[PDB]
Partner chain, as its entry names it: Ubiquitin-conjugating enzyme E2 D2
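The chain below stands alone and is given as structure tokens, in the form deposited without its partner chain.
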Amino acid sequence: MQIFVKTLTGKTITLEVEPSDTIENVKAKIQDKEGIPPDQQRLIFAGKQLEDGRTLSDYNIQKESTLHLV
């Protein structure tokens, strides 16, 4: 699945992921993309605060879903 992550500046990061990727995995991908350390990252999808050890499917994140770094 393709997802979008919007940075604090509104920059778009396009990520290739799998339903079962954890939020931890996503944070490492964001690190590689923009150099933001994972401890510095806080993610939201549809107003839910996302936990590192849960998966994209766990939050009903889907193809073309947008996430926000907050």
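Residue numbers count along the first chain shown, from 1. Here the rigid core means the biggest group of C-alpha atoms that line up within 1.5 Å when the two forms are laid on top of each other.
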Between 7-15 and 53-61, the one drifting more in C-alpha RMS in 6 other deposited structures of this protein once the core is aligned is 7-15
Per the PDB entry, mean CA B-factor is higher for 51-59 or 5-13, namely for 5-13
For residue 28, the third of its chain by CA B-factor is the middle
